[PDB]
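Engineer: One file: run-v8.tsv (TSV, C-alpha atoms and all ligand atoms).
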```tsv
chain	number	residue	atom	x	y	z
A	9	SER	CA	-78.56	-55.15	53.18
A	10	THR	CA	-76.78	-57.37	50.59
A	11	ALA	CA	-73.00	-57.89	50.57
A	12	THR	CA	-70.79	-57.32	47.52
A	13	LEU	CA	-67.35	-58.86	47.02
A	14	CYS	CA	-65.27	-57.25	44.30
A	15	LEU	CA	-61.89	-58.40	42.99
A	16	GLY	CA	-58.93	-56.55	41.47
A	17	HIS	CA	-55.13	-56.07	41.17
A	18	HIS	CA	-52.56	-53.50	42.41
A	19	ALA	CA	-51.05	-50.58	40.46
A	20	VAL	CA	-48.26	-48.02	40.93
A	21	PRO	CA	-48.54	-44.17	40.89
A	22	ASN	CA	-45.47	-44.14	38.64
A	23	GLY	CA	-44.70	-46.81	36.00
A	24	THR	CA	-42.50	-47.25	32.89
A	25	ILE	CA	-43.04	-47.96	29.18
A	26	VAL	CA	-42.07	-51.38	27.79
A	27	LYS	CA	-41.80	-52.64	24.20
A	28	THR	CA	-43.75	-55.83	23.41
A	29	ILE	CA	-45.05	-57.68	20.34
A	30	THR	CA	-48.77	-57.01	21.06
A	31	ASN	CA	-48.32	-53.27	21.60
A	32	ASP	CA	-45.11	-51.34	20.89
A	33	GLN	CA	-45.81	-49.30	24.06
A	34	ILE	CA	-47.42	-50.33	27.37
A	35	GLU	CA	-47.33	-49.26	31.04
A	36	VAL	CA	-46.41	-51.82	33.71
A	37	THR	CA	-45.66	-51.43	37.43
A	38	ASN	CA	-41.98	-52.22	37.83
A	39	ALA	CA	-39.39	-52.18	35.04
A	40	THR	CA	-35.71	-53.15	34.98
A	41	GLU	CA	-32.71	-53.00	32.62
A	42	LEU	CA	-31.21	-55.66	30.34
A	43	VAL	CA	-28.40	-53.48	28.93
A	44	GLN	CA	-25.47	-52.27	31.05
A	45	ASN	CA	-24.42	-49.09	29.24
A	46	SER	CA	-22.05	-47.81	31.94
A	47	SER	CA	-18.47	-48.58	32.98
A	48	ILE	CA	-16.47	-48.01	36.18
A	49	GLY	CA	-13.89	-46.48	33.82
A	50	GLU	CA	-10.81	-48.62	34.56
A	51	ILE	CA	-9.35	-52.08	34.04
B	1	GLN	CA	-43.10	-41.47	45.64
B	2	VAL	CA	-45.27	-40.10	48.46
B	3	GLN	CA	-44.09	-37.16	50.58
B	4	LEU	CA	-46.02	-34.91	52.95
B	5	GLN	CA	-45.59	-31.30	54.07
B	6	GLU	CA	-47.10	-30.40	57.43
B	7	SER	CA	-48.29	-26.80	57.86
B	8	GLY	CA	-49.88	-24.65	60.57
B	9	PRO	CA	-49.28	-22.20	63.47
B	10	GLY	CA	-47.02	-23.78	66.10
B	11	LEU	CA	-48.72	-21.48	68.64
B	12	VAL	CA	-52.39	-21.12	69.67
B	13	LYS	CA	-54.22	-19.28	72.50
B	14	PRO	CA	-55.60	-21.54	75.33
B	15	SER	CA	-59.15	-22.93	74.83
B	16	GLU	CA	-59.09	-22.08	71.10
B	17	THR	CA	-59.43	-23.83	67.73
B	18	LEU	CA	-56.47	-25.68	66.21
B	19	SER	CA	-56.22	-25.50	62.41
B	20	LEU	CA	-53.60	-27.59	60.59
B	21	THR	CA	-53.02	-28.69	56.99
B	22	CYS	CA	-50.70	-31.27	55.44
B	23	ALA	CA	-49.64	-31.60	51.80
B	24	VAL	CA	-49.51	-34.57	49.41
B	25	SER	CA	-46.91	-35.08	46.67
B	26	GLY	CA	-47.21	-38.00	44.26
B	27	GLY	CA	-50.05	-40.54	44.13
B	28	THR	CA	-53.72	-39.58	43.94
B	29	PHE	CA	-55.48	-38.34	47.09
B	30	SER	CA	-58.69	-40.09	45.99
B	31	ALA	CA	-57.06	-43.53	46.24
B	32	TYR	CA	-56.18	-43.74	49.96
B	33	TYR	CA	-57.35	-42.96	53.49
B	34	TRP	CA	-55.58	-40.45	55.75
B	35	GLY	CA	-55.37	-39.92	59.51
B	36	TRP	CA	-53.63	-37.75	62.10
B	37	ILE	CA	-51.54	-38.85	65.11
B	38	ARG	CA	-50.53	-36.93	68.28
B	39	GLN	CA	-47.29	-37.14	70.31
B	40	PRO	CA	-46.18	-34.92	73.25
B	41	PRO	CA	-42.34	-35.17	73.51
B	42	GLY	CA	-40.96	-38.28	75.22
B	43	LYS	CA	-44.33	-39.87	76.08
B	44	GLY	CA	-46.76	-42.24	74.34
B	45	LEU	CA	-48.27	-41.20	71.00
B	46	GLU	CA	-51.89	-41.64	69.89
B	47	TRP	CA	-54.04	-42.17	66.79
B	48	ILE	CA	-56.50	-39.30	66.30
B	49	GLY	CA	-58.83	-40.43	63.50
B	50	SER	CA	-59.09	-41.14	59.76
B	51	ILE	CA	-61.23	-40.08	56.78
B	52	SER	CA	-62.11	-41.44	53.35
B	53	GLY	CA	-59.51	-39.64	51.24
B	54	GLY	CA	-61.80	-40.80	48.42
B	55	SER	CA	-65.29	-40.09	49.78
B	56	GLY	CA	-65.05	-38.28	53.14
B	57	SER	CA	-66.47	-41.01	55.42
B	58	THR	CA	-64.53	-40.69	58.65
B	59	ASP	CA	-63.67	-41.98	62.13
B	60	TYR	CA	-62.05	-40.45	65.24
B	61	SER	CA	-60.45	-41.74	68.46
B	62	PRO	CA	-63.27	-41.83	71.09
B	63	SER	CA	-61.31	-39.50	73.40
B	64	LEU	CA	-60.96	-36.81	70.71
B	65	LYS	CA	-64.10	-37.75	68.76
B	66	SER	CA	-66.06	-34.69	69.87
B	67	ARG	CA	-62.98	-32.44	70.25
B	68	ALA	CA	-61.23	-33.30	66.96
B	69	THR	CA	-62.67	-32.63	63.48
B	70	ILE	CA	-60.67	-33.79	60.45
B	71	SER	CA	-61.29	-32.80	56.83
B	72	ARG	CA	-60.01	-33.20	53.26
B	73	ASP	CA	-59.99	-31.49	49.87
B	74	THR	CA	-60.14	-33.23	46.49
B	75	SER	CA	-59.41	-29.88	44.81
B	76	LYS	CA	-56.09	-28.82	46.36
B	77	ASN	CA	-54.74	-32.32	47.20
B	78	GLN	CA	-54.91	-31.30	50.88
B	79	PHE	CA	-56.68	-32.23	54.13
B	80	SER	CA	-57.19	-30.52	57.49
B	81	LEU	CA	-57.72	-31.11	61.21
B	82	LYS	CA	-59.89	-28.76	63.28
B	83	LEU	CA	-59.59	-29.20	67.06
B	84	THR	CA	-61.78	-27.19	69.45
B	85	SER	CA	-61.47	-26.42	73.19
B	86	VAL	CA	-57.76	-27.33	73.32
B	87	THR	CA	-56.00	-28.08	76.61
B	88	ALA	CA	-52.63	-26.81	77.87
B	89	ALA	CA	-51.52	-30.47	77.83
B	90	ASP	CA	-52.49	-30.97	74.15
B	91	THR	CA	-49.19	-29.21	73.29
B	92	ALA	CA	-47.42	-31.79	71.12
B	93	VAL	CA	-45.93	-32.57	67.71
B	94	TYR	CA	-48.41	-33.62	65.01
B	95	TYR	CA	-48.30	-35.83	61.91
B	96	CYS	CA	-50.16	-36.59	58.70
B	97	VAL	CA	-49.98	-40.27	57.76
B	98	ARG	CA	-51.09	-42.64	54.97
B	99	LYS	CA	-53.49	-45.35	56.20
B	100	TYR	CA	-54.74	-48.48	54.41
B	101	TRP	CA	-58.06	-48.29	52.53
B	102	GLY	CA	-59.56	-51.08	54.67
B	103	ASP	CA	-61.50	-49.99	57.76
B	104	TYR	CA	-59.87	-52.90	59.61
B	105	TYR	CA	-56.44	-53.96	58.32
B	106	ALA	CA	-52.67	-53.94	58.99
B	107	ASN	CA	-49.79	-51.82	57.58
B	108	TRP	CA	-51.24	-48.60	59.08
B	109	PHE	CA	-49.08	-45.42	59.09
B	110	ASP	CA	-46.96	-46.71	56.18
B	111	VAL	CA	-45.77	-43.11	55.48
B	112	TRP	CA	-45.48	-40.23	58.01
B	113	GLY	CA	-45.48	-36.40	57.87
B	114	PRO	CA	-42.21	-34.43	58.47
B	115	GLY	CA	-43.51	-33.46	61.94
B	116	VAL	CA	-44.69	-29.95	62.94
B	117	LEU	CA	-44.45	-28.81	66.58
B	118	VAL	CA	-47.69	-27.40	68.08
B	119	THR	CA	-47.24	-25.45	71.36
B	120	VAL	CA	-50.22	-23.82	73.11
B	121	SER	CA	-49.43	-20.15	73.64
B	122	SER	CA	-49.57	-20.02	77.35
B	123	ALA	CA	-47.60	-16.78	77.45
B	124	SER	CA	-47.47	-13.86	74.97
B	125	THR	CA	-45.67	-14.62	71.68
B	126	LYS	CA	-42.29	-12.85	71.44
B	127	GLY	CA	-39.09	-12.48	69.41
B	128	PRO	CA	-35.90	-14.57	69.98
B	129	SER	CA	-33.04	-13.08	72.00
B	130	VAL	CA	-29.89	-14.09	70.15
B	131	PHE	CA	-26.97	-14.35	72.59
B	132	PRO	CA	-23.52	-14.85	70.96
B	133	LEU	CA	-20.92	-16.75	72.98
B	134	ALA	CA	-17.22	-16.02	72.44
B	135	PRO	CA	-14.75	-18.97	72.50
B	136	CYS	CA	-12.16	-18.58	75.26
B	137	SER	CA	-9.06	-20.49	76.40
B	138	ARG	CA	-11.32	-22.48	78.75
B	139	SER	CA	-13.76	-23.39	75.94
B	140	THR	CA	-11.24	-24.64	73.35
B	141	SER	CA	-10.10	-28.27	73.01
B	142	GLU	CA	-6.68	-29.11	71.50
B	143	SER	CA	-8.38	-29.85	68.16
B	144	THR	CA	-11.62	-27.83	68.55
B	145	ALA	CA	-13.16	-24.58	69.88
B	146	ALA	CA	-16.62	-23.98	71.39
B	147	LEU	CA	-18.43	-21.17	69.56
B	148	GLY	CA	-21.92	-20.67	71.02
B	149	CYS	CA	-25.17	-18.90	70.13
B	150	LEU	CA	-27.96	-18.78	72.73
B	151	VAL	CA	-31.54	-18.07	71.72
B	152	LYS	CA	-33.11	-16.89	74.99
B	153	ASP	CA	-36.28	-14.97	75.95
B	154	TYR	CA	-37.97	-16.56	72.92
B	155	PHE	CA	-41.65	-17.49	73.12
B	156	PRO	CA	-43.01	-19.68	71.80
B	157	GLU	CA	-40.91	-22.65	70.67
B	158	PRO	CA	-39.18	-23.68	68.52
B	159	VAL	CA	-36.19	-21.79	67.15
B	160	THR	CA	-34.02	-23.42	64.49
B	161	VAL	CA	-30.48	-22.08	64.05
B	162	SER	CA	-28.49	-22.26	60.81
B	163	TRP	CA	-24.69	-22.00	60.93
B	164	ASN	CA	-23.25	-20.03	57.99
B	165	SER	CA	-26.73	-20.76	56.55
B	166	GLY	CA	-25.82	-24.45	56.90
B	167	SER	CA	-22.37	-24.22	55.26
B	168	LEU	CA	-20.72	-26.00	58.21
B	169	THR	CA	-22.34	-29.11	59.71
B	170	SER	CA	-19.43	-31.01	61.32
B	171	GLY	CA	-19.83	-31.12	65.11
B	172	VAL	CA	-22.81	-28.73	65.10
B	173	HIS	CA	-25.01	-29.72	68.05
B	174	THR	CA	-28.36	-28.03	68.68
B	175	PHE	CA	-28.85	-28.32	72.45
B	176	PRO	CA	-32.55	-28.88	73.41
B	177	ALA	CA	-34.84	-26.03	74.51
B	178	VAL	CA	-34.78	-25.05	78.19
B	179	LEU	CA	-37.51	-23.80	80.50
B	180	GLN	CA	-35.70	-21.30	82.72
B	181	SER	CA	-37.03	-20.04	86.07
B	182	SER	CA	-37.95	-16.97	83.97
B	183	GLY	CA	-40.87	-19.03	82.63
B	184	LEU	CA	-39.22	-18.23	79.29
B	185	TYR	CA	-37.70	-20.67	76.80
B	186	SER	CA	-34.07	-20.78	75.61
B	187	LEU	CA	-31.31	-22.94	74.06
B	188	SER	CA	-27.90	-22.83	72.37
B	189	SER	CA	-26.83	-24.56	69.16
B	190	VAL	CA	-23.15	-25.20	69.91
B	191	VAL	CA	-20.65	-25.43	67.06
B	192	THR	CA	-17.33	-27.25	67.34
B	193	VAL	CA	-14.75	-25.64	65.03
B	194	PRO	CA	-10.99	-26.55	64.93
B	195	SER	CA	-8.71	-24.62	67.32
B	196	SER	CA	-6.51	-23.57	64.37
B	197	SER	CA	-9.21	-21.17	63.10
B	198	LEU	CA	-9.33	-19.14	66.35
B	199	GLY	CA	-9.07	-15.34	66.11
B	200	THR	CA	-9.26	-15.64	62.31
B	201	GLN	CA	-12.85	-16.03	61.08
B	202	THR	CA	-15.85	-14.15	62.51
B	203	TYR	CA	-18.51	-16.88	62.37
B	204	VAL	CA	-22.27	-16.28	62.10
B	205	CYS	CA	-25.17	-17.99	63.86
B	206	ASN	CA	-28.43	-17.50	61.96
B	207	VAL	CA	-31.79	-17.54	63.75
B	208	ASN	CA	-34.91	-18.90	62.03
B	209	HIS	CA	-37.81	-18.13	64.38
B	210	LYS	CA	-40.26	-19.15	61.65
B	211	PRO	CA	-43.61	-17.92	63.21
B	212	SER	CA	-41.99	-14.56	64.05
B	213	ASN	CA	-40.22	-14.62	60.64
B	214	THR	CA	-36.96	-13.46	62.24
B	215	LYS	CA	-33.50	-13.80	60.65
B	216	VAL	CA	-30.51	-12.89	62.82
B	217	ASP	CA	-27.14	-13.53	61.16
B	218	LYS	CA	-25.58	-12.23	64.39
B	219	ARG	CA	-21.82	-12.66	64.70
B	220	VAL	CA	-19.84	-13.68	67.78
B	221	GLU	CA	-16.92	-11.37	68.56
B	222	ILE	CA	-14.43	-11.00	71.43
B	223	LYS	CA	-14.70	-7.77	73.41
B	224	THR	CA	-12.65	-6.39	76.32
B	225	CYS	CA	-14.14	-4.86	79.47
C	354	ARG	CA	-77.13	-60.34	13.81
C	355	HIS	CA	-80.36	-60.01	15.75
C	356	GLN	CA	-83.65	-61.82	15.32
C	357	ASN	CA	-86.45	-59.76	16.86
C	358	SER	CA	-90.25	-59.63	16.56
C	359	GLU	CA	-89.91	-56.81	13.99
C	360	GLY	CA	-87.77	-58.90	11.62
C	361	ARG	CA	-84.17	-59.93	10.90
C	362	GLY	CA	-81.34	-57.40	10.70
C	363	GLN	CA	-77.65	-56.72	11.23
C	364	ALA	CA	-75.61	-53.81	12.55
C	365	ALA	CA	-71.84	-53.33	12.48
C	366	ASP	CA	-69.64	-52.25	15.37
C	367	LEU	CA	-66.93	-49.60	15.00
C	368	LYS	CA	-65.43	-49.60	18.52
C	369	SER	CA	-63.93	-53.11	18.71
C	370	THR	CA	-63.12	-53.37	14.99
C	371	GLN	CA	-61.23	-50.05	15.07
C	372	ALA	CA	-59.07	-51.44	17.89
C	373	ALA	CA	-58.69	-54.63	15.82
C	374	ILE	CA	-57.47	-52.93	12.62
C	375	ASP	CA	-55.41	-50.48	14.74
C	376	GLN	CA	-53.29	-53.27	16.30
C	377	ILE	CA	-52.87	-54.87	12.85
C	378	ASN	CA	-51.77	-51.53	11.34
C	379	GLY	CA	-49.01	-51.18	13.94
C	380	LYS	CA	-47.83	-54.74	13.22
C	381	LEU	CA	-47.55	-53.69	9.57
C	382	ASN	CA	-45.48	-50.57	10.41
C	383	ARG	CA	-43.20	-52.43	12.86
C	384	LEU	CA	-42.42	-54.77	9.95
C	385	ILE	CA	-42.89	-52.35	7.02
C	386	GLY	CA	-40.55	-49.53	5.99
C	387	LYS	CA	-38.12	-50.46	8.78
C	388	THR	CA	-34.74	-51.21	7.22
C	389	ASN	CA	-30.99	-51.46	7.67
C	390	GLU	CA	-28.52	-49.75	5.33
C	391	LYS	CA	-25.44	-51.63	4.12
C	392	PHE	CA	-22.88	-49.57	2.26
C	393	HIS	CA	-19.92	-51.83	1.47
C	394	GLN	CA	-20.23	-55.61	1.57
C	395	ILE	CA	-17.60	-58.10	0.50
C	396	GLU	CA	-18.06	-59.59	-2.99
C	397	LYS	CA	-20.70	-62.33	-3.09
C	398	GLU	CA	-20.02	-63.87	-6.53
C	399	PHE	CA	-16.73	-65.35	-7.71
C	400	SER	CA	-15.69	-65.57	-11.37
C	401	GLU	CA	-12.41	-67.27	-10.42
C	402	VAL	CA	-11.43	-69.56	-7.54
C	403	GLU	CA	-8.34	-68.08	-5.86
A	501	LIG	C1	-38.62	-53.98	41.04
A	501	LIG	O1	-38.07	-55.25	40.70
A	501	LIG	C2	-36.65	-55.24	40.76
A	501	LIG	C3	-36.13	-56.55	40.18
A	501	LIG	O2	-34.91	-56.31	39.48
A	501	LIG	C4	-36.17	-54.98	42.21
A	501	LIG	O3	-34.82	-54.52	42.11
A	501	LIG	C5	-33.89	-55.14	43.04
A	501	LIG	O4	-32.75	-54.29	43.30
A	501	LIG	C6	-31.75	-54.11	42.26
A	501	LIG	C7	-31.82	-52.69	41.67
A	501	LIG	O5	-33.16	-52.35	41.29
A	501	LIG	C8	-31.76	-55.20	41.17
A	501	LIG	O6	-30.46	-55.31	40.58
A	501	LIG	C9	-32.18	-56.57	41.72
A	501	LIG	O7	-32.35	-57.50	40.65
A	501	LIG	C10	-33.44	-56.55	42.60
A	501	LIG	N1	-33.25	-57.38	43.79
A	501	LIG	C11	-33.29	-58.72	43.79
A	501	LIG	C12	-32.06	-59.39	44.34
A	501	LIG	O8	-34.24	-59.36	43.38
A	501	LIG	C13	-37.02	-53.95	42.99
A	501	LIG	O9	-37.03	-54.32	44.38
A	501	LIG	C14	-38.48	-53.75	42.54
A	501	LIG	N2	-38.93	-52.41	42.87
A	501	LIG	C15	-40.06	-52.14	43.53
A	501	LIG	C16	-39.91	-51.17	44.67
A	501	LIG	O10	-41.14	-52.63	43.25
A	502	LIG	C1	-44.19	-39.82	37.07
A	502	LIG	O1	-42.90	-39.22	36.95
A	502	LIG	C2	-42.78	-38.36	35.82
A	502	LIG	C3	-41.36	-37.82	35.74
A	502	LIG	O2	-41.00	-37.23	37.00
A	502	LIG	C4	-43.79	-37.23	35.92
A	502	LIG	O3	-43.70	-36.39	34.76
A	502	LIG	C5	-45.19	-37.80	36.02
A	502	LIG	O4	-46.14	-36.74	36.18
A	502	LIG	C6	-45.25	-38.74	37.22
A	502	LIG	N1	-46.58	-39.33	37.31
A	502	LIG	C7	-47.19	-39.49	38.48
A	502	LIG	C8	-48.54	-40.14	38.41
A	502	LIG	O5	-46.69	-39.13	39.53
```
What is this file in structure tokens?
Structural biologist:
Amino acid sequence: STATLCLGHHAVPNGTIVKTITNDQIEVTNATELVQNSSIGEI
Amino acid sequence: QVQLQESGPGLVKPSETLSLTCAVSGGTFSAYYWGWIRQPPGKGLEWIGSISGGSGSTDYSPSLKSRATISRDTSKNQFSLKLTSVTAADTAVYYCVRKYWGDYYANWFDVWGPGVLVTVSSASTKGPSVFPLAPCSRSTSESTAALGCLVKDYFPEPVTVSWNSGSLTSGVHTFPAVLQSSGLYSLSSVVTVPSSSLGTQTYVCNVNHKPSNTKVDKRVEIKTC
Amino acid sequence: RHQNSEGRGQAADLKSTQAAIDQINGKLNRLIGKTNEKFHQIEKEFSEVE
């Protein structure tokens, strides 16, 4: 017959919301943290 | 992420149909391909065949191509294998596995099923015979004692023993199943418990012969002749 | 704006323009009505120079 090549990108079954400037909410593959909210609990 | 639950009868009459199902949890069944894989204990394992988890377009190993028939369901997030005219040798452990979408590619069997034992029922199915084993002077180490619980006369395999329903785990050793001259299967799951606790607690070995649905929280006690 | 055999006409879209205005409306809200409360400042005018 005739061949078809078709491009694309990966996704994740489970993602996380992220705040941007374009859209206050969006879903991306892998998130991280920029705020350490937790302590060991001793000096 | 992705987990699988293997299901089916671990026993089957000779020259009969094998029916198995495995579960999916997380991801979308439509977005991958899935195969099965066979392994008798302590030998080489083998790829059975795969299907379009999206469409249903399939392949099988040439050896089992006629014998093995694999299936899927979009509805229930499940998929099946149907094997006809089974051999006595075909007795093995099975798996459900995630395969890559590409018909030819690498990274095959990225994720595996928990593993379900499948034994052909050569002899009649029967209930476990739970044999307690009292610790003696000659079965106690300085720091430990040897409480035993033999599951004999049980057919077919396996039989999984819980100790205090899995309350104690330290030095609990399930000894492998034994073919006796009886032609019957048996094993003990030995428990090592400190010597200080001797003559104090009456421990329980709990039998989980899953196909027979048997629960035997049988105790081990010292008796005098 | 088309130019066909029949004549010359225009038709508006709703789909793309709705997504347009939508994204603008958010940008308003993310910058409108949002506020901080300040309850006791220090004095900001000085009648005398201490
Ligand atoms: C997602 O990306 C993160 C990048 O932060 C990866 O996380 C790594 O492991 C820890 C805990 O998540 C982080 O503190 C590190 O910054 C990361 N490792 C390094 C040294 O780069 C994570 O591997 C990614 N997750 C997946 C599975 O995609
Ligand atoms: C992702 O995880 C969340 C929280 O467990 C769950 O509610 C959601 O259904 C999951 N989505 C997928 C696609 O697995």
Engineer: Quick one: residues within 12 Å of range 382-391 of chain C, all atoms listed in the file, excluding same-chain residues fewer than 3 positions away - as a list in words?
Structural biologist: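 Contacts, in chain order: residues 27, 28, 29, 30, 31, 32 and 33 of chain A; 375, 376, 377, 378, 379, 394 and 395 of chain C.
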Engineer: Go through B:52, B:139, B:129, B:25 and flag the residue nearest chain A, using all atoms listed in the file for the distances.
Structural biologist: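 Looking at the shortest contact to chain A, the residue is B:25.
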Engineer: Using only C-alpha atoms, I'd like a table of the residues in chain A that come within 9 Å of chain B; for each, show the closest atom pair and its distance in Å rounded to one decimal, ordered by chain and ascending number, as JSON lines.
Structural biologist:
```
{"residue": "A:20", "atom": "CA", "partner": "B:27", "partner_atom": "CA", "distance": 8.3}
{"residue": "A:21", "atom": "CA", "partner": "B:27", "partner_atom": "CA", "distance": 5.1}
{"residue": "A:22", "atom": "CA", "partner": "B:1", "partner_atom": "CA", "distance": 7.9}
```
Engineer: Residues at most 8 Å from range 81-98 of chain B, counting only C-alpha atoms, excluding those fewer than 2 positions away in the same chain, as an mmCIF file with C-alpha atoms, keeping the file's coordinate frame?
Structural biologist:
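Everything below was put into around-v5.cif:
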```
data_model
loop_
_atom_site.group_PDB
_atom_site.id
_atom_site.type_symbol
_atom_site.label_atom_id
_atom_site.label_comp_id
_atom_site.auth_asym_id
_atom_site.auth_seq_id
_atom_site.Cartn_x
_atom_site.Cartn_y
_atom_site.Cartn_z
ATOM 1 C CA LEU B 4 -46.020 -34.910 52.950
ATOM 2 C CA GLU B 6 -47.100 -30.400 57.430
ATOM 3 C CA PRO B 14 -55.600 -21.540 75.330
ATOM 4 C CA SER B 15 -59.150 -22.930 74.830
ATOM 5 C CA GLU B 16 -59.090 -22.080 71.100
ATOM 6 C CA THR B 17 -59.430 -23.830 67.730
ATOM 7 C CA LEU B 18 -56.470 -25.680 66.210
ATOM 8 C CA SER B 19 -56.220 -25.500 62.410
ATOM 9 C CA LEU B 20 -53.600 -27.590 60.590
ATOM 10 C CA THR B 21 -53.020 -28.690 56.990
ATOM 11 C CA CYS B 22 -50.700 -31.270 55.440
ATOM 12 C CA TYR B 32 -56.180 -43.740 49.960
ATOM 13 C CA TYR B 33 -57.350 -42.960 53.490
ATOM 14 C CA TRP B 34 -55.580 -40.450 55.750
ATOM 15 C CA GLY B 35 -55.370 -39.920 59.510
ATOM 16 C CA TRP B 36 -53.630 -37.750 62.100
ATOM 17 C CA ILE B 37 -51.540 -38.850 65.110
ATOM 18 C CA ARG B 38 -50.530 -36.930 68.280
ATOM 19 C CA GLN B 39 -47.290 -37.140 70.310
ATOM 20 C CA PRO B 40 -46.180 -34.920 73.250
ATOM 21 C CA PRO B 41 -42.340 -35.170 73.510
ATOM 22 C CA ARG B 67 -62.980 -32.440 70.250
ATOM 23 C CA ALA B 68 -61.230 -33.300 66.960
ATOM 24 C CA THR B 69 -62.670 -32.630 63.480
ATOM 25 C CA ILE B 70 -60.670 -33.790 60.450
ATOM 26 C CA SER B 71 -61.290 -32.800 56.830
ATOM 27 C CA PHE B 79 -56.680 -32.230 54.130
ATOM 28 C CA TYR B 100 -54.740 -48.480 54.410
ATOM 29 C CA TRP B 108 -51.240 -48.600 59.080
ATOM 30 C CA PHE B 109 -49.080 -45.420 59.090
ATOM 31 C CA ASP B 110 -46.960 -46.710 56.180
ATOM 32 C CA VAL B 111 -45.770 -43.110 55.480
ATOM 33 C CA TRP B 112 -45.480 -40.230 58.010
ATOM 34 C CA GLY B 113 -45.480 -36.400 57.870
ATOM 35 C CA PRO B 114 -42.210 -34.430 58.470
ATOM 36 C CA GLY B 115 -43.510 -33.460 61.940
ATOM 37 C CA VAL B 116 -44.690 -29.950 62.940
ATOM 38 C CA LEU B 117 -44.450 -28.810 66.580
ATOM 39 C CA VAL B 118 -47.690 -27.400 68.080
ATOM 40 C CA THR B 119 -47.240 -25.450 71.360
ATOM 41 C CA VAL B 120 -50.220 -23.820 73.110
ATOM 42 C CA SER B 122 -49.570 -20.020 77.350
#
```
Engineer: Pick out the residues sitting within 6 Å of residue 146 in chain B, and hand them over as a ChimeraX atom specification; count only C-alpha atoms, and ignore anything fewer than 5 positions along from it in its own chain.
Structural biologist: /B:135,139-140,192
Engineer: What's around residue 65 in chain B at 9 Å? Count only C-alpha atoms, leave out sequence neighbours fewer than 4 positions away in its own chain, and write the answer as a list in words.
Structural biologist: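 The residues that qualify are residues 48, 49, 59, 60, 61 and 69 of chain B.
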Engineer: Using the file's own x, y and z axes, what box holds all listed atoms of range 18-31 of chain A with 4 Å on each side, keeping edges along x, y and z, and what are its centre and edge lengths in Å to one decimal, as JSON?
Structural biologist:
```
{"center_x": -47.2, "center_y": -50.9, "center_z": 31.4, "size_x": 18.8, "size_y": 21.5, "size_z": 30.1}
```
Engineer: Return the single residue from C:392, C:366, C:381, C:403 that is closest to chain A, with distances computed using all atoms listed in the file.
Structural biologist: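 Of the candidates, the smallest distance to chain A is held by C:381.
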Engineer: Write out as a PyMOL selection string the residues lying within 10 Å of residue 144 in chain B, counting all atoms listed in the file and excluding same-chain residues fewer than 4 positions away.
Structural biologist: chain B and resi 139-140+171+191-198
Engineer: So the first atom is atom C16 of ligand LIG 501 (chain A) and the second is CA of residue 17 in chain A; what is the distance between them in Å, to one decimal place?
Structural biologist: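 Result for atom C16 of ligand LIG 501 (chain A) versus CA of residue 17 in chain A: 16.4 Å, one decimal.
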Engineer: Could you tell me which of C:373, C:365, C:397, C:358 comes closest to chain A if we count only C-alpha atoms?
Structural biologist: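 Closest residue, counting only C-alpha atoms: C:373.
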